[PDB]
DNA sequence: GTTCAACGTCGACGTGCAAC
DNA sequence: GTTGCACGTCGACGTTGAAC
Ligand SMILES: C[S@@+](CC[C@H](N)C(=O)[O-])C[C@H]1O[C@@H](n2cnc3c(N)ncnc32)[C@H](O)[C@@H]1O
Ligand SMILES: C[S@@+](CC[C@H](N)C(=O)[O-])C[C@H]1O[C@@H](n2cnc3c(N)ncnc32)[C@H](O)[C@@H]1O
């Protein structure tokens, strides 16, 4: 997506919505509906698309409450009808606008609007793109609260990139939201396919209708997602209304949802929106996020794969969280964990991570237990530049992680520890089991692996793993290899050095490395004794 | 106007509204409409009140979108009809609720609700009171933004108290909002009247219909206000729908509004809601608040009186602000200014004041200029306890101000400077023109008066008058009267004292007041030289 | 070899095993009046530990409330920790002299067994950075921005013999006292400086003084307003959209830069094209600087002075305000004058915090009162003031190293206090052996060699 | 009894550009 | 050239009570 002049133009319109009573979160939804009707008229074909009596002119001509009421009426009429194509967009649609004066102003304003962000031919796509971008701004905005849906663009790109969705594969998004992941996935497939040109017609139909699926609780959000896909040319299933279905993941809808080869999603954090957990799970839990995880495991086909953005919350949480986690490692093969930096999301405080795992194992797709042997972790979070408007989070930041990650989507590719990006070396190291019996160089590396048994024993089955410490200090770096190996040891060894310096002054020894080594040989040994 | 168990009960219902898409600000409006319909049914008389086909059962029975759509339809139907009594409540009414699931839940929830906060007989009043109280909470809440309307309860009480509205007098509120002031004013009148029993029937009708008037831009807010008055038994004008009219003060409606004897209002701060200033004024200004002030001056009858809550912005602001300010003093007699403390309002940062003035003068009600001779100021703000949930702002804080204020509503009562409440003495005095040539005791006083000429010359017609500092320090207090008189002088005189102490030590003089005075006599004189 | 190099004498044990009881506390129903009303027993919150040692209790908690609440009564001489409020993981500790008290969820009481472990020993132990490093291993934590009591119990710490623990703790306590002492002197010096500020500006060096509009002043001095002496300018900002402006080569100094201090250069700069079209004001060196937005602590002022060789010059944003001295003035002298609190008092009185706030009007600055001393005198005064500030800086440095010293000692003591050798005193017939600075060291060396030799007899001596 | 937070509470330090 | 804000936006320290 991209936006510029048009988004600014769109932004101005939102002012009416703001004054209207519409929330920031619902600006896009409000705008999208009106634009759709407007565009239909612009097509000239609108008779085909819209029913008679309910069209742009009908709405446009009206004013005041009379107009507002008409708008409501129009929304209801559109939402319900055999013409599911249009009806899906309109399904469960309603306007938040209370102030009648605002509606009149808004309709007229956009009515006069140009194709200003356009291109040769109608740039329907531009509007949708601009629409998403504007939505992104709202998502970014803290006040709106829209941000819950918000996900970093580069994050999505990377996730799909690693997954490498192929054609004929079904991609699912339990928390579709705007359908950010689905669109990206589709884009990825097309980029490979030459826009599906490479594929046969049958496969092409599959990708268009069947390939991607999503579910959204909020009807308002669903509308936006539907429009997004529509411009994206993702028709989906007409019966359902399109690619994104309206329903509760946690409820009956979720179970009804079809199984999928690949799953990429960012579930909501916190208690979440009104979503009752009517559905039973292996381990029942109040944790909404945990509930999603169980769902993801269930839907995946044997040997399926998925990446899930999760709050840090899931990693250690005791009680059922421990049980579920254990369940995850047993049923799935959790190969990689990515620790995200902070400031990336609309919400500031939240710590987030990305989990990578496979359903069962490649060798044994139907392996119930002991799937997860080793886990790799990447510490993107500590000692990182503060992100913000000033410091944007970009694709470049992610690139090092992806490299170590390996081309294999399963994560099977060869891997070795030893990543020192973002001034990894400079960063301080923590003392513990994590960096226990660890060499100096390794301790600094962002990329490290851990054994299942270790996690079980030391971690006590806690995913919250990290070696590094967030600081900033300067100290001369002359130490023995064994000294560096033990983080804890450093304090004791260092003390010895202080005394040595005093003696050296009296001696008047020159400042040379060799001299230091000679002294260290005797002094160092003494400490060992 | 209190709440307790019921408000908590109502609060729970709001959860549906929250999840529904309704804003915090619009919780009350949403609840109020439903409760009204419900109550009508409870009356059993509803056939009289509501039209057939549109009633509680009709709405109650429906579910889902079908129900939601019914609700919108019902709202429209009620709002428009010859039956202005009901129609006023419903006028420009609309529900913010997007989520169909929420509506069904909400209707059923309240439907099952009890008279729980009630009393012998239907406690319709209780619901309204609880309603306002709940509204107050929202007003208090920062997130809601409802707080813009919010005003301190004790503040309103005091304002009406000072005004002392009488019967047959017309009270106006350009920014009626919930009609907090109007209800208080009505209460004040009744308390005097024995609930109007003392008054004759004709006068009684006057008070009920004619006595109070208000105007509200937002239809949503107006609805709430209307309901408030209704429970309060303030019918107002049926043509208009009731006491509170719907319209723009700044627009044609404002001018159309009738003249009033008394005006008490708290206009909105900031740019304000969508309110275009279609109306011309003596001094045209972008300042919304300034615009209101001009309006108030205009509406008041000769010899009228009013109190207005205003931000500090108005006092100092130059440009047109100076012109308007000058205009105010010329046309009106601005006797008193109250500087409010902070933390009282929903918004933290805002600094507010209360202006008291009369239209023209008592002696000459039609006096165009030179009305304002002297101005009294009360510094309630500095050196005050931080208010908050923990530290509430109460009536007691206000009592000292009212005492000095004087019983006379015009502010004519005798007045003298000399108020040292809230540890006024302890407060730090600052050095400037206001405390210029001021004695030590007077400088500390919160209650002080200033001349018009002084304001003109020193202040250069700036209302922002302030004598005190906010600090906290301890120093021995031995000074000459002239020293204390000059704030600036203190630094110089104090320096002399430091040296004196050293000499005293050598002398070994005892610690006595007389000794200090003797030394001061010689030392003090030297400085003067 | 274990958590770290550990001596023969010591063993590594978990706190849980060593500690008799570890538990949290909870919070009571605030709504009920009765719980709080008329209460004997003290209640503690997180803030309590932070403020010094826990002698006092801010809130009061009734036993009736106690029964209903999970909160429990803690014993005296008990160590306490805070779950929340840290650099993600660290943790806090405290001791309670006052009788048994209660707390809430964040706090976790811990009781040491009699003679098993000392409270003092543990307190210092936790304080150690090594302790912090160990914990940092968990990380910021995922879903936890606190310290879980369960995790707390897991912690492993080495244990000294009872005798040494007392001796070791004693040594550490003493250091702590020393740092405090330096702090006291530090505070006093600004007080002295403060006096000079007031006396010098107003008093001046003279001896004959007369009454003045602005307080008593010397006879020689003269009075004038700011506007007379200097000129005020206002300034505007460019539009971010145009990238052309983005090219630069010419400095722009924002308030933030002002916060930094003396300003030769600025973080952001604007292009000449910008200055031409924008018509920004250019500034020469030696110019005064003032802060128009932010305010400071409410209505107050800030100052600064520009520097330049023939080579460079500076321009600034709207937020900053500039003043130029016509012919006669010493920029440094004036700058100090502005910062003086006397000015602050005059300014604040003239305008209390009002809506116009966190900023100063041009009118206010120009109208400002100022004295005019002679050029020579001005220079003399300025030099004196600047010099005093330098002294303050030096003392601060001294404190820092002292802290470092503690760090070094603690590290050594951790390993060594941990060896049995520490409990035992060095073998010596006479106390004189230790008395000499050199002699004591020599004695230590001899003892070490002899002990090792004797140890040689059995591997177990060294091995265990 | 006690556990947990796309955190809750207390500030800290300054708008910046549309408006005239 | 320059003025104004029921301000607009950004670090420090610890939730507290509903839930089980
Ligand atoms: C962080 S957003 C997903 C953003 C998405 N990755 C994107 O590209 O925009 C999480 C979404 O989960 C949805 N959600 C919350 N609870 C749900 C539930 N029980 N069932 C289905 N979706 C739910 C929310 O409405 C929200 O849109
Ligand atoms: C602070 S509130 C008044 C609160 C009132 N004192 C009470 O008791 O609740 C200011 C009110 O001014 C209204 N308002 C803003 N602009 C207006 C306009 N142009 N005309 C009429 N009312 C306006 C707002 O909608 C708001 O309710």
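The way this entry was determined, per its header, is electron microscopy, 18.0 Å.
Including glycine, each Cβ sits where the backbone N, Cα and C put it.
Look at Swiss-Prot and you will find B:148, B:149, B:150, B:151, B:152, B:153, B:178, B:179, B:180, B:216 tagged as S-adenosyl-L-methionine binding site.
Structure with Swiss-Prot features highlighted.
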| residue | record | Cβ contacts under 8 Å, 6 or more apart |
| --- | --- | --- |
| B:148 | S-adenosyl-L-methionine binding site | B:268, B:269, B:270, B:273, B:346, B:347 |
| B:150 | S-adenosyl-L-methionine binding site | B:136, B:139, B:140, B:345, B:346 |
| B:152 | S-adenosyl-L-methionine binding site | B:344, B:345, B:393 |
| B:178 | S-adenosyl-L-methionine binding site | B:132, B:135, B:149, B:221, B:224, B:225, B:228 |
| B:180 | S-adenosyl-L-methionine binding site | B:151, B:156 |
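With a CB cut-off of under 6 A applied against ligand 2, the binding-site residues B:152, B:178, B:180 are reduced to B:178, B:180. When every Cα pair among B:148, B:149, B:150, B:151, B:152, B:153, B:178, B:179, B:180, B:216 is compared, the largest distance found for this S-adenosyl-L-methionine site is 20 Å. Mapped onto three states, the DSSP output places residue B:150 (S-adenosyl-L-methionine binding site) in coil.
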